[PDB]
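First the structure, in the form of structure tokens, and then the observations on it.
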Ligand SMILES: *[C@@H]1O[C@H](CO)[C@@H](O[C@@H]2O[C@H](CO)[C@@H](O)[C@H](O)[C@H]2NC(C)=O)[C@H](O)[C@H]1NC(C)=O
Ligand SMILES: *[C@@H]1O[C@H](CO)[C@@H](O[C@@H]2O[C@H](CO)[C@@H](O)[C@H](O)[C@H]2NC(C)=O)[C@H](O)[C@H]1NC(C)=O
Ligand SMILES: *[C@@H]1O[C@H](CO)[C@@H](O[C@@H]2O[C@H](CO)[C@@H](O)[C@H](O)[C@H]2NC(C)=O)[C@H](O)[C@H]1NC(C)=O
Ligand SMILES: *[C@@H]1O[C@H](CO)[C@@H](O[C@@H]2O[C@H](CO)[C@@H](O)[C@H](O)[C@H]2NC(C)=O)[C@H](O)[C@H]1NC(C)=O
Ligand SMILES: *[C@@H]1O[C@H](CO)[C@@H](O)[C@H](O)[C@H]1NC(C)=O
Ligand SMILES: *[C@@H]1O[C@H](CO)[C@@H](O)[C@H](O)[C@H]1NC(C)=O
Ligand SMILES: *[C@@H]1O[C@H](CO)[C@@H](O)[C@H](O)[C@H]1NC(C)=O
Ligand SMILES: *[C@@H]1O[C@H](CO)[C@@H](O)[C@H](O)[C@H]1NC(C)=O
Ligand SMILES: *[C@@H]1O[C@H](CO)[C@@H](O)[C@H](O)[C@H]1NC(C)=O
Ligand SMILES: *[C@@H]1O[C@H](CO)[C@@H](O)[C@H](O)[C@H]1NC(C)=O
Ligand SMILES: *[C@@H]1O[C@H](CO)[C@@H](O)[C@H](O)[C@H]1NC(C)=O
Ligand SMILES: *[C@@H]1O[C@H](CO)[C@@H](O)[C@H](O)[C@H]1NC(C)=O
Ligand SMILES: *[C@@H]1O[C@H](CO)[C@@H](O)[C@H](O)[C@H]1NC(C)=O
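Protein chains in written order, with the entry's author numbering: chain A, 298 to 677; chain B, 25 to 297; chain C, 689 to 828, 849 to 1078; chain D, 737 to 828, 849 to 932; chain E, 981 to 1029.
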């Protein structure tokens, strides 16, 4: 390793730093909340009718376990575009309170459903902010909801004063003033109704074939999680390096019973540099401290390879007792373990020394380790 | 009754859900500016024998949240109402708690009746309630019922001299309505003591409506130690009912070892600050 | 009635002297005095891991990092020369003698009193009272927090070896005069050494052998005053405390820099890898990594500049120890304000404190000369 | 100032700059140590003595001529001819342009204070020899001060008093 | 700011800000080096005086 890091075939006398060593995780745990209630996406989907865009609906889903896999059993999705989240990994996250906006609208303008898009849908009839983190789903609805005589349940706002803000509803039923002539009357020239019906003829082609559309605005914030994916909880493990997944907070470290009195509304135990120092178990209200694994640097003490071919190893800043636990088959970044617990492991204020014999004499410093400790190549 | 005073060090609350210990952390949120002035509104009960009007529920513009304080022994105020119109044309919200539970109902109310006031108003013998629930007449198509635990049960007062300060801060932001509460037991000598006490969060509710005005619901059936004075402007008196507004300011908070916000300093008040 | 008042400075008290073409003022009395001086010698030894700091044990971030180039190789190389330099500086300032002299069992140096600076055997650590004051005065879970890849290495020479060097120098300079810097040490009584040192600055020996008692009393009083002068004044050790503050604040800013989005969705790698697919998370990782690289580069550059600044003072301290202590200096205003006699090199955390002994004329009288 | 330089008082640029990090705070703290260092340099070079000596009203220093370096009270600013020549030789809408956020701070010691230190040092060294650096000033006439200085470099005293006129003439010629 | 909408102009601002940051950083580094160089000569002048 020293030859590799020096990029040479001959190393001189001295102490060299090569790499670091880290203890590796042994097992994994998963703890998801205490809920078994299914969420009713079928209510949004298997609906007799959809409210039109001019007054968009809104349903809140929370406090229920959800599985989007059953969503695949309903219909082929025309677009199914998830903007801020990976669609595949939607079953591994826990959220606060997802939303839902359902409506039937012509399928030739589906591209207008995006943050900062153009057209009437994105300007005068609806809008999404530049902070959308969710998904959009659509599927063909021309055949199911149409009329040979002309379906007129979809008068949509098309005139208004200024572009409506995202996540705001306007249901002002008034005759827009479209000219100089005063619009005090019911109707007339320069007094136009902003709402226009649709010619939902079943014989029309794909030019104006309406689709059903659902918009999910996932709520992502540091708050108690209500809706969650379909996973199974396990048993927590203490005093052992585990890959904990507490409510979706992936990490690695050892867990201990914490000693800080959380408040009832308190959830995390964050500290400087955005590290979740302490966290409370979702199943039973118990709090725990997270401590990172044992990590350190390694250095190779060698005489000149011209003279001999023996080396010693120094682990910087780790107690000697933790090394045998760290010593296993492929357990550290220096996967080699030839020394393991070898020749007279000696503990020094600088670190843990392997491969050297302490002596009760004194000479000049040949190769310096530190804290008043030096090493040398001597017989007996 | 119109009066002004100074809020020394009131209006500090936990910005979010997280634990910290012995940390001087800076935040930039909506807080009550330090050493600001708060208007005083007082109940007026004059000539209880006759039916002279009182009208102690004036409109308040509700500019970006409200801080409210009171020092009532009994639940003289039983709740609040919030709405841009407070009528059936738009949506309204009501928060009232009776002896058992609380009720929060964002609903389309045709019209809200006046707070319960009796013509006799015999506070000498009016220490009981009877038929004091018929409010807002009827309801309409509406949702989001939150019949749950009430806010205040009681803070028992013994030997007198123990007025219980109750402080509530209400804020509506990005579709959520949040209420933080704190009940300080000791009144000491001054009406508004100069101390430090954080406001632990109480409730967050996802309503998402339009609000530009609110009104207070008092138990006008019985009222004592609520006289009236004709002072208007920068005057003094007594209100037992304090309201103040919130501002987007930057604060620095000092979390002790136990995790309690012991002290805080403003960043736009004084050049020393 | 206290307030804030603004004014122009005063450039010292005005004074004038009478210059006459036949007149001369000659002193008649002298005064010994002791002055202190403080010099930083070395700072802390640090080390950094590039991959651990930049990426939290994620493999994809590691692949991107190695794809950019060999930047952190040289960023790790640069921080390695600094530690060797600090060890060399501490080696150079103190280890001037290759012997370890020892003070005699009976300590009577012709009436003088050195017990305030000699080693103290009663204390568990063989320090000296002034050294104890200096150690206690400087104030060194927060340290454990700085383990995000950052590490601090221990000094090669612990405080005990520094104390032994200091004691050896101080024993040699009071037993053998200044001859232990040239060749083999030659023993000599103290009063004769002090007579030589007066003769060095143009005052004959027939002064010391009369005013021995007075000089000894003045010397003892001055050393006695030094301890209270050091303790009472608040910012006397203001130069040995700036080093630790600069180190701590640099490391604090470096570790706090991780809580910055740099225009990305999140500030934690795991959340990004959990929320997004590889081909879209690549741009987020790429945008996140560059800010951390710049922070690390800034840190190492400031460390280099500060190390050079410290090395200048280390060389100056080595020169002063060579000249003022191991001999007598004729240079004006180098080893104290006044005519220079002796020096004593006490130790102190991350530095060294010199005690200079001087000689100032006291009582004057003017005559007419030709 | 970081924000004024980077952003033309725009709000969005301010938001982006603040979300980048603590870079410009560190730059501001970096450009502050240098100013204090400059002030300490100027204080350390000149402020060696804590007294302000003055020359006697009559100026006859054993034949030497110091009028070229001593302060001239006739001039509006109490400088000396050499100082005036040096000050005039160095040449300092250019300044007005450099106000896009940049600022130049003023020196802590004005030029008059520097001149006063210079005159104090120059008068003290002429009048009291070199004894005003060790302790109290001790007056001594100039000819025996120069006798001491020759005795320093291995030339005995009986050279100066004999060659005083020639030495003074050479001194004046060189200083001219 | 005036000719373009926010969501498109943000990337332009990000491109415009980094060059100015780098210019400022280079300036302060050069000032630091020159300050050290001047301090050396200041110490020499103090010694000579
Ligand atoms: C000593 O005294 C003063 C100066 O200390 C000098 O006397 C003046 O000398 C100049 C030049 O020779 C004459 O122009 C003045 O007229 C002298 N003064 C007076 C009052 O006459 C000179 O250096 C010495 N003078 C004596 C008398 O010893
Ligand atoms: C030089 O100064 C010293 C200190 O002021 C003088 O020593 C003092 O002498 C008086 C009278 O003999 C004593 O009462 C004091 O106790 C002495 N002081 C100390 C500290 O011992 C000394 O006398 C002065 N020189 C001359 C020639 O008078
Ligand atoms: C040298 O000076 C020290 C410092 O004062 C002397 O130590 C003091 O000795 C006296 C009497 O023995 C004690 O009352 C003091 O408490 C000691 N000082 C301290 C700080 O403990 C010492 O005696 C002096 N030695 C000689 C030979 O004069
Ligand atoms: C000292 O030197 C100055 C500088 O030259 C002399 O001043 C000159 O005096 C002569 C005759 O009075 C004038 O012609 C010159 O113009 C003067 N120089 C200047 C710059 O004005 C001064 O006389 C000399 N004094 C002594 C005592 O030697
Ligand atoms: C819910 O909590 C109870 C105890 O509070 C526990 O016995 C039960 O196993 C939990 N349910 C799940 C699914 O973990
Ligand atoms: C190894 O050492 C021997 C003797 O010390 C010397 O003769 C030889 O040249 C060396 N070889 C190398 C490759 O340095
Ligand atoms: C290493 O751990 C053991 C376990 O108790 C402990 O006794 C020892 O003191 C530790 N090492 C050091 C240097 O403290
Ligand atoms: C070496 O010295 C140490 C000092 O404490 C002692 O503990 C140890 O027993 C000694 N070893 C031998 C072999 O004498
Ligand atoms: C605030 O109230 C005070 C009285 O407490 C009054 O003097 C002042 O005019 C009010 N308005 C301010 C400070 O703007
Ligand atoms: C308080 O209000 C709740 C909510 O409707 C009601 O169920 C309860 O009966 C009320 N208690 C009374 C009126 O005493
Ligand atoms: C409430 O409606 C009014 C009417 O235009 C509007 O100005 C205001 O912005 C609305 N409230 C909110 C929070 O947008
Ligand atoms: C923290 O709370 C405990 C709980 O009893 C208390 O004993 C302790 O005094 C508190 N700490 C401080 C600094 O008040
Ligand atoms: C000594 O100097 C003083 C002023 O410092 C002066 O008054 C006195 O006359 C001088 N001595 C003689 C003998 O002139």
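Cβ atoms here follow ideal geometry from the backbone N, Cα and C, with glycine treated the same way.
Closest to residue i by C-alpha separation, out of the options, would be which residue?
i: residue 659 (chain A); options: A:670, A:313, A:405 and A:653; result: A:670
i: residue 289 (chain B); options: B:28, B:48 and B:41; result: B:48
i: residue 438 (chain A); options: A:515, A:561, A:546 and A:373; result: A:373
i: residue 270 (chain B); options: B:88, B:62 and B:58; result: B:88
i: residue 544 (chain A); options: A:615, A:531, A:554 and A:561; result: A:531
i: residue 412 (chain A); options: A:397, A:430 and A:447; result: A:430
i: residue 151 (chain B); options: B:245, B:285 and B:276; result: B:245
i: residue 714 (chain C); options: D:741, D:800 and D:897; result: D:897
I need the straight-line Cα distance from residue i to residue j, nearest angstrom please.
i: residue 749 (chain C); j: residue 762 (chain C); result: 19 Å
i: residue 972 (chain C); j: residue 982 (chain C); result: 15 Å
i: residue 789 (chain C); j: residue 637 (chain A); result: 45 Å
i: residue 1026 (chain E); j: residue 780 (chain D); result: 7 Å
i: residue 930 (chain D); j: residue 922 (chain D); result: 12 Å
i: residue 357 (chain A); j: residue 203 (chain B); result: 21 Å
i: residue 775 (chain D); j: residue 755 (chain D); result: 35 Å
i: residue 858 (chain D); j: residue 824 (chain D); result: 27 Å
i: residue 72 (chain B); j: residue 259 (chain B); result: 26 Å
i: residue 1047 (chain C); j: residue 1040 (chain C); result: 8 Å
i: residue 876 (chain D); j: residue 777 (chain D); result: 19 Å
Is any non-hydrogen atom of ligand 13 found closer than 7 Å to the C-beta of residue i, if you look at the structure I gave you?
i: residue 706 (chain C); result: yes
i: residue 710 (chain C); result: no
i: residue 928 (chain D); result: no
Any heavy atom of ligand 9 within a distance shorter than 7 Å of the CB on residue i?
i: residue 258 (chain B); result: yes
Report whether the distance from the Cβ of residue i to the nearest heavy atom of ligand 12 is below 7 Å.
i: residue 334 (chain B); result: Beyond the ends of chain B as shown, which are 25 and 297, falls residue 334 (chain B); an answer cannot be given.
Within the present structure, is the beta-carbon of residue i separated from the nearest heavy atom of ligand 10 by less than 7 Å?
i: residue 157 (chain B); result: yes
i: residue 433 (chain A); result: no
Does the distance between the C-beta of residue i and the nearest non-hydrogen atom of ligand 5 fall short of 7 Å?
i: residue 581 (chain A); result: yes
i: residue 122 (chain B); result: no
* **Three-pair Cβ contact test at 8 Å for the stretch 880-893 of chain D versus the stretch 1067-1077 of chain C** => The way I'd put it, the stretch 880-893 of chain D does touch the stretch 1067-1077 of chain C; three or more beta-carbon pairs between them come closer than 8 Å.
* Pull every residue with its beta-carbon under 6 Å away from any heavy atom of ligand 4, and keep them in chain order. => The set of residues whose C-beta lies within less than 6 Å of a heavy atom of ligand 4 reads, in chain order, D:801 and D:803.
* Segment contact flag, the stretch 951-959 of chain C with the stretch 517-526 of chain A, C-beta cutoff 8 Å, min 3 pairs -> Output reads no: the stretch 517-526 of chain A does not touch the stretch 951-959 of chain C.
* Under 5 Å, CB to nearest heavy atom of ligand 7: contacting residues -> Residue selection by CB proximity (closer than 5 Å to any heavy atom of ligand 7) returns A:616 and A:618 in chain order.
* Does the stretch 629-648 of chain A come close enough to the stretch 603-621 of chain A that 3 or more CB-CB pairs lie under 8 Å? -> Contact between the stretch 603-621 of chain A and the stretch 629-648 of chain A is present, because at least three Cβ pairs lie under 8 Å.
* Asked: Do the stretch 31-49 of chain B and the stretch 251-261 of chain B make contact, defined as three or more Cβ pairs closer than 8 Å?
  -> With a cut-off of 8 Å, the stretch 251-261 of chain B and the stretch 31-49 of chain B do not count as touching, because too few Cβ pairs lie within range.
* Asked: Is there contact between the stretch 699-706 of chain C and the stretch 1002-1009 of chain C, where contact requires at least three CB pairs shorter than 8 Å?
  -> No, they do not touch.
* Asked: Is the stretch 723-736 of chain C in contact with the stretch 1054-1063 of chain C, if contact means three or more CB pairs nearer than 8 Å?
  -> Two segments are said to touch when three or more pairs of C-beta atoms, one from each, lie closer than 8 Å; by this definition the stretch 723-736 of chain C touches the stretch 1054-1063 of chain C.
* Asked: Are there three or more Cβ pairs, one per stretch, closer than 8 Å when the stretch 898-911 of chain C is compared with the stretch 693-704 of chain C?
  -> Counting Cβ pairs under 8 Å, fewer than three are found: no touch.
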